[PDB]
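Worksheet: one structure, shown below.
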Amino acid sequence: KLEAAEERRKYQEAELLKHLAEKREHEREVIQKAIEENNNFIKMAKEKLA
Amino acid sequence: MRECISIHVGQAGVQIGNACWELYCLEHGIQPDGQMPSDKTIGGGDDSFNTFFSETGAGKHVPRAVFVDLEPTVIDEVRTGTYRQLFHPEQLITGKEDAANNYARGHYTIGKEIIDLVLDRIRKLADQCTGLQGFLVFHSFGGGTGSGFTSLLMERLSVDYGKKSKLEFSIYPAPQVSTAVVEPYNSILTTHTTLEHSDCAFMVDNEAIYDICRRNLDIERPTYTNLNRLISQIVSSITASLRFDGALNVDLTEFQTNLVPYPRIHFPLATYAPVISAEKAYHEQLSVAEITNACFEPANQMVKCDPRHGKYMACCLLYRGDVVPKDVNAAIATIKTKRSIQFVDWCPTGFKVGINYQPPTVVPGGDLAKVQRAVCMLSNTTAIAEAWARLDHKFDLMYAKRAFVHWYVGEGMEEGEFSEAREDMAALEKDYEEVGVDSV
Amino acid sequence: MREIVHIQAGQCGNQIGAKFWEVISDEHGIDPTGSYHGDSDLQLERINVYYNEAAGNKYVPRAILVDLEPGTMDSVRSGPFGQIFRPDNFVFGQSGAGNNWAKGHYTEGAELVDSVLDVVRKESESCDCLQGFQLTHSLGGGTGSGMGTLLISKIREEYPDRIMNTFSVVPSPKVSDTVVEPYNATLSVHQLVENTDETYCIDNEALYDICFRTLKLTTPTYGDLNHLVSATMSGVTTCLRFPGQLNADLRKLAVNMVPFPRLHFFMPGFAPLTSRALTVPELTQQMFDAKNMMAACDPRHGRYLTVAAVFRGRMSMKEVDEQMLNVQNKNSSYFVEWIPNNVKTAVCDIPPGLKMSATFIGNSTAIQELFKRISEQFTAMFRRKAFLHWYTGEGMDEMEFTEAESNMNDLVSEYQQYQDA
Ligand SMILES: Nc1nc2c(ncn2[C@@H]2O[C@H](COP(=O)(O)OP(=O)(O)OP(=O)(O)O)[C@@H](O)[C@H]2O)c(=O)[nH]1
Ligand SMILES: Nc1nc2c(ncn2[C@@H]2O[C@H](COP(=O)(O)OP(=O)(O)O)[C@@H](O)[C@H]2O)c(=O)[nH]1
Ligand SMILES: [Ca+2]
Ligand SMILES: [Ca+2]
Ligand SMILES: [Mg+2]
Ligand SMILES: [Mg+2]
């Protein structure tokens, strides 16, 4: 009954760290989107001027 | 750190730059040779005035500025004038042949020959910055260089500096001092090509400044020298937050957050007080309430339009000199109960306030009284679209007959660029109507 | 349960953080060089909760100072107690965050956050038994709001069994720097609802109204606001810092104050209000008065789930018990009947330049008024997508704003559910 309790605590913890892992994935996608839009602006200004 | 680079393009940009830099030298105690005795850190530092001035080992304070014109005669007066030692020769760039009041010559035919050199010289200033914030670009709408070379430069700066901030001071044409019939063509072409490349543009209507000089300084027939001294005071108010420290000092970037609700809606209306002769200022001290009240008089605006017939999206007050928040807050409370200040329903009504304690300076031989306190109001109002409507109408009169269009086509431009520029202005006029409609 | 690690982020966070350390250093008899020159063993008994011991019996705040611009941390370093902080615990960039949550959370803040966690880990590693973390920040700017909530998410990932406590300054149009404060605050509240155990809601609306109406300050400055904040912060941390029975560590406070995990937003109060001699009846009536609350919520518009009351000074414990029972018995309808005995009282013998003071911490369903007010200001702009380009420019989508708005409206509904029950 003590090990069963400990396993429920380990499960709730692994669930939290998975959710925090999806948050780090989203953070990585926001900054890559910011870079890709700045690069696409520079690119499209360069081509329109040429 | 937080350096700003100034770029002065064509006659109006260059002569306004001369007036601004003279005034900044007087504000910071910098002599015409570049020496600043009050600065104890020789050859560098991170004081607030270092945003606009670099320092040599010999104690010279050098404007972070490039001056560009396609003919030499205006920049040659800087090269031989009072402030000749302030600037390194490589900051002052001239061609041989101007754009002849033709956007197409400034952007393409003459402009292409000097653009790589100008970007080279700008790169040299950028490389001496530890944290470049961005660029301040001074030009006319009406000239060929002011319009066409500025458009080219703004496009090239977006490529080489990505999203670094670009702020404009743009001289809007008036018939009392205009030099070309085609100024409306040049104004619409440059507004169209620049609009995606600029973060914030302060328009200065030569007619508003001309009238303020006539009405408030009793100048019978204002010259560029008269207009430029007044313009330099307004520019100085706007940049003072970058050049001075203080507890109540609010950075221009923080005002910009409030002034630009959508990328295209980036044209603040500036209003400046007090503009008063020495003879009228004598024994007449204008209080915080008086100069604040004067910001809501249309006759003190930098652009002719009527804010009482549009809606506010933002109101910022930039005070300098002997001003404390108590007097500002009482002035604002009085104005709210008395004036036609209607905000759009999607914007909060609070006025954003900055105070810089350093009082205004005037240039010797100037027309303006030395005062203890001054204010520049920056408002985002739908009324500024009136200025576009006036220019668009003049464009339409001439373009319906293709008057003068052969001068542009001869330099390689197509009619399609004219109709595309004009359609962008129609969509801008429409954007200003839409943001003023109430939410459903 | 012993060490707390303190983090202060951005202009607001660092200004109120510095005042917190000035005030509690004076209470514990620590001078600006970190030397103990006090007169009581009560001052040192739980000093280790907030202070590390160094060479030559020096006391060093367990404090990390964070900002994306140097200006406010240069002013801290020059401020009266500036030399007491550990120099390696100053972590700052040069860019600033332009009052933009997206810059704090996703772009500029992301660049700096790893070096902040290096310092948190160094402080955490030398703790006998870390209780957890307290963060001071505003929700209206960019660094405190966006980078502060990023730090909270990363600290939780590395210390998921530790308590996270915030002092969170909520923005008001009455004391405003930018129009985008409601955006930054809504995005931040969404983070706090998930990743803190306890949040003290310090409302700039309430602090302004106290300074103006009660203290008769015609023109309140940030200094006047921060005098109220530092007195409140000293009050609500008394039980952590001095020997005592009740709420003596962060986990025990949370267990007494938080019946449902999301309803952890506390309305602090203080008496007497200050810019000579107060009775226990008067302390008790004033500490429960709407006008003494640091969140602009009418407690008569909701119900108290839980209350902690802390009395400070030499006074009758019998009279404190009688008066605290008098308030509950006379105003019984404002305390939910389904949490019996939901008001706990602590008494500490050491007063703060006062003979006696009372600090109030309430978990009231009336706090929904603060979230509704932010929600209304958010929607007024968001329905026209006004000022969004500042955020989409840093890689954010509109959908992230729709989710933050929904989660904050859900929090309001949940307070309303327990108010009607
Ligand atoms: N306020 C002000 N306006 C000026 C000044 N010089 C010219 N203008 C205005 O600027 C417009 C003419 O453009 P300029 O700057 O002279 O022309 P440019 O940029 O040198 O272009 P090109 O000479 O065609 O190569 C007109 O509207 C003039 O009234 C000046 O010193 N101050
Ligand atoms: N009470 C208080 N509020 C502040 C202080 N400084 C800024 N604020 C408020 O904090 C918000 C702005 O965030 P700030 O901390 O300056 O931005 P940051 O540096 O990007 O975190 C606004 O709501 C201001 O009203 C302060 O010292 N005290
Ligand atoms: Ca220097
Ligand atoms: Ca960087
Ligand atoms: Mg010319
Ligand atoms: Mg700030």
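First the proteins, then the strands, lettered A, B, ... as listed; each starts at 1. Side chains included, hydrogens not; waters and symmetry mates left out as well; all remaining heavy atoms used.
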Using modelled atom types and a 3.5 Å cut-off, is there a donor and acceptor pairing between side-chain atoms of [X] and backbone atoms of [Y]?
| X | Y | value |
| --- | --- | --- |
| B/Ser379 | B/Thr381 | no |
| B/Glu168 | B/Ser170 | no |
| B/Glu71 | B/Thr73 | yes |
| B/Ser198 | B/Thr194 | no |
| B/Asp69 | B/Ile75 | no |
| B/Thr239 | B/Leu242 | no |
| B/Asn50 | B/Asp47 | yes |
| B/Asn186 | B/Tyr103 | yes |
| B/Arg373 | B/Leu286 | yes |
| B/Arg121 | B/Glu90 | yes |

Taking all heavy atoms of [X] and all of [Y], pick out the closest pair and write down the distance.
| X | Y | value |
| --- | --- | --- |
| C/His389 | B/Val260 | NE2-O, 2.8 Å |
| B/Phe141 | B/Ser147 | O-CB, 3.3 Å |
| B/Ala65 | B/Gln91 | O-NE2, 2.8 Å |
| B/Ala180 | B/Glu183 | N-OE2, 3.2 Å |
| B/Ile110 | B/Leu70 | CG2-CD1, 3.8 Å |
| B/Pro360 | B/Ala374 | CG-CB, 3.7 Å |

Output a table of donor-acceptor pairs, distance under 3.5 Å, between side-chain atoms of residues 263-276 of chain B and any protein atom two or more places apart or on a different chain; print 'none' if there are none.
{"residue": "B/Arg264", "atom": "NE", "partner": "B/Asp431", "partner atom": "OD2", "Å": "2.9"}
{"residue": "B/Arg264", "atom": "NH1", "partner": "B/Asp424", "partner atom": "OD1", "Å": "2.9"}
{"residue": "B/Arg264", "atom": "NH2", "partner": "B/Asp424", "partner atom": "O", "Å": "3.4"}
{"residue": "B/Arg264", "atom": "NH2", "partner": "B/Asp424", "partner atom": "OD1", "Å": "3.2"}
{"residue": "B/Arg264", "atom": "NH2", "partner": "B/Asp431", "partner atom": "OD2", "Å": "3.4"}
{"residue": "B/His266", "atom": "ND1", "partner": "B/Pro263", "partner atom": "O", "Å": "2.7"}

Between [X] and [Y], ring centroids under 6.0 Å:
| X | Y | answer |
| --- | --- | --- |
| B/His28 | B/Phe244 | yes |
| B/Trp21 | B/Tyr24 | yes |
| B/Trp388 | B/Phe395 | no |

Exercise. With B/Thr361, which residues qualify under side-chain hydrogen bond (donor to acceptor under 3.5 Å, both in side chains), at least two apart?
Worked result: none
With sequence neighbours excluded, tell me which residues meet side chain to side chain contact (heavy atoms under 4.5 Å, CB included) with [X].
| X | result |
| --- | --- |
| B/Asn228 | B/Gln15, B/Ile16, B/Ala19, B/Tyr224, B/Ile231 |
| B/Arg156 | A/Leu49, B/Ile115, B/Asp116, B/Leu119, B/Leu152 |
| B/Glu279 | B/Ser277 |
| B/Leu248 | B/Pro325, B/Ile355, B/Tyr357 |

Exercise. Between B/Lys124 and B/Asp127, is there a side-chain N and carboxylate O pair less than 4.0 Å apart?
Worked result: no
Exercise. Is B/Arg320 salt-bridged to B/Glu27, cutoff N-O under 4.0 Å?
Worked result: yes
Which residues pass the salt bridge (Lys or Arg N to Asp or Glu O under 4.0 Å) test with [X], not counting sequence neighbours?
| X | value |
| --- | --- |
| B/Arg215 | none |
| B/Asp33 | none |
| B/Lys166 | none |
| B/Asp205 | B/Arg390 |

Between the side chains of [X] and [Y], is a donor N or O closer than 3.5 angstrom to an acceptor N or O?
| X | Y | answer |
| --- | --- | --- |
| B/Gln285 | B/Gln372 | yes |
| B/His107 | B/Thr193 | no |
| B/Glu290 | B/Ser287 | yes |
| B/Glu3 | B/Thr130 | yes |
| B/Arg243 | B/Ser236 | yes |
| B/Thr94 | B/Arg79 | yes |
| C/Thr178 | B/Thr257 | no |

Could you check if a side-chain atom of [X] sits within less than 4.5 angstrom of a side-chain atom of [Y], using non-hydrogen atoms only?
| X | Y | result |
| --- | --- | --- |
| B/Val235 | B/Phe169 | yes |
| B/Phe67 | B/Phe87 | yes |
| B/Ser232 | B/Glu22 | no |
| B/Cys295 | B/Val375 | yes |
| B/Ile93 | B/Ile114 | yes |
| B/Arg229 | B/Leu23 | no |
| B/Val78 | B/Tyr83 | no |
| B/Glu155 | B/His197 | yes |

For this session: Could you note down all residue pairs passing salt bridge (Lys or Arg N to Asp or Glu O under 4.0 Å) where residues 304-316 of chain B supplies at least one of them, sequence neighbours left out?
Result: B/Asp211-B/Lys304, B/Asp306-B/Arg308, B/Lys311-B/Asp438
Problem set entry | salt bridge (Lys or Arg N to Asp or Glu O under 4.0 Å) contacts in which one or both residues fall within residues 250-261 of chain B, not counting sequence neighbours | B/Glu254-B/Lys352
Exercise. To the nearest 0.5 Å, how far apart are CD1 in B/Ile30 and SG in B/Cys25?
Worked result: 5.0 Å
For this session: Starting at CD1 of B/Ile384, measure out to OH of B/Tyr432 and round the result to the nearest 0.5 Å.
Result: 6.5 Å
